[PDB]
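In the form deposited in one PDB entry, a lone chain appears below as structure tokens.
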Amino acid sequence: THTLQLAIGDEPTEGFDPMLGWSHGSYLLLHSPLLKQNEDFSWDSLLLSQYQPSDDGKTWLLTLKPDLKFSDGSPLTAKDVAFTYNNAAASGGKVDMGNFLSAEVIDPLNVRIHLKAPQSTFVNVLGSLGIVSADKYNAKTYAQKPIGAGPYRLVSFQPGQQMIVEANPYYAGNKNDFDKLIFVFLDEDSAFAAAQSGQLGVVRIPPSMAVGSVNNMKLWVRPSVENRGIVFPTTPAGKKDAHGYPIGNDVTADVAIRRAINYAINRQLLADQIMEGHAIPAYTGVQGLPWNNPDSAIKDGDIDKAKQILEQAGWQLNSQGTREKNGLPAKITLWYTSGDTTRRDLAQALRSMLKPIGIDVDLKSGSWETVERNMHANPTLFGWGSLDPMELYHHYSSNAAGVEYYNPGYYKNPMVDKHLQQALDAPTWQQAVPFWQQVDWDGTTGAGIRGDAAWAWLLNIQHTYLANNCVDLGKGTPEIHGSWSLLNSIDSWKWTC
């Protein structure tokens, strides 16, 4: 051996076929999309010399670099790009191509993309869908023996065991200091055990584990979009959805409750106690992103402010020391998913933090199936996070209300809907950004704390790794909520010795 062994996620089952989407994170190892995001969130082109949307944002012009090749040496041209997009759309998978219509090849280095309607977020598709070879693609065969333009290529794959890959010599981006990589697939505990023993060069660890010194290893803290928040029902009770699930909560429908909970919680204390300080306070679902409203942050852990907000809206302390309004006491149930000690620790901590302002929080846990039934009538603990601004839409659009796990509190604000649609219809993502910011607050209304306060956002989680002292994991964009997020920086990895 003498090569780098890594433990950063679990088995890449199902396979490595870009036609099945970017839902998994391992694909970034063997494949490369047309675009690669920068740390300043602009876009670099690995395979493109030129890419330009039209004034209406309905068409894209793509120009390839001339001598590109696949991992097997076969040439990468317009034919393969157009094939990739047309067939990814034309199958499932059900890759969400959005408003994508079709891809036309102009010449071997040029491709024209056609859309149904303006989509400012389509760039996120360009930096996501991996390129596939038109000549050599077979649906069943490709998952097991894939051909890609990624930084590495498959050498061997041992199920439930390990994966061996080597550097792709035809890679169009930067080569790193590591010629060969072996990825080990282990449960967290055995992984940590192998890490201390110095068998591994890089290992992902949970931010919640009071990590002590590890022999001949160093701790890396990488930024992430992964977050934690509480979603409130915004409507009164009494109605039910298509599944017969109850909709609404007579307590959390009052905006004063949601604002008060937003101010009472001390997020820094959450980060330090539960996440061992490896988290950042989050006041929005898009904290740390360009499309976050710059005026969205608040000074929290203010019991007095919370009590003021509650008093001004008619929520008064009863004899039991619990808030009450028009004969209705503030007693609410917080739901969360079982199977995680940390989620529960977070929940109980929240109950304890809401006790001083007179809100009595009962806690219930269950399987996703169980949570689903109660998810619309009670406050609920969720984890999300995405590098696509589209998530704002999924959270706050009236059209997304009750759609799967999105917008379960049935939040509807027509002005917010307008800002959202304006944002989607913008010809470029840059022009879209100011409208995305208007969602929190436009000066009059919004979905944020200054406005309707649909959420109580708690934290943005950061990912933590142990790495051999001679290993430099470099730098990159915030890591996704998923496995193999570290791979987003893989090209900048260096060897310090």
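One rule holds for the numbers: they count along the sequence shown, beginning at 1.
Quick note: we don't show the form solved in complex with a small molecule, though the next part is all about it.
A.B. asks: Heavy atom within 4.5 Å of the small molecule in the entry with it bound: which of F122, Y142, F178, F382 fits that? Just give me the one.
C.D. replies: In short, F382.
A.B. asks: Taking 4.5 Å between heavy atoms as the contact cutoff, choose which of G482, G474, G21, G15 touches the small molecule in the entry with it bound.
C.D. replies: Contact check passes for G482.
A.B. asks: Go through 382-390, 233-241, 321-329, 217-225 and give me the stretch that gets within 4.5 Å of the small molecule in the entry with it bound, heavy atoms only.
C.D. replies: Looking at the partner contacts, the answer comes out as 382-390.
A.B. asks: Can any non-hydrogen atom of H114 be found within 4.5 angstroms of the small molecule in the entry with it bound?
C.D. replies: Looking in the entry with it bound, residue contacts with the small molecule do not include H114, since no heavy atom lies within 4.5 Å.
A.B. asks: Could you tell me if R373 has a non-hydrogen atom within 4.5 Å of the small molecule in the entry with it bound?
C.D. replies: Contact check for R373: no, nothing within 4.5 Å of the small molecule in the entry with it bound.
A.B. asks: May I ask you to state whether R343 is within 4.5 Å of the small molecule in the entry with it bound, using heavy atom distances?
C.D. replies: It does: once the small molecule is placed as it appears in the entry with it bound, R343 has a heavy atom within 4.5 Å of it.
A.B. asks: Taking the small molecule as it sits in the entry with it bound, is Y405 in contact with it (heavy atom to heavy atom, 4.5 Å or less)?
C.D. replies: Flag for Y405 set to yes.
A.B. asks: Any idea whether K140 and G92 get closer or farther by CA distance in the entry with it bound, knowing it moves 3 angstroms or more?
C.D. replies: Distance between the C-alphas of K140 and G92: longer in the entry with it bound, by 3 Å or more.
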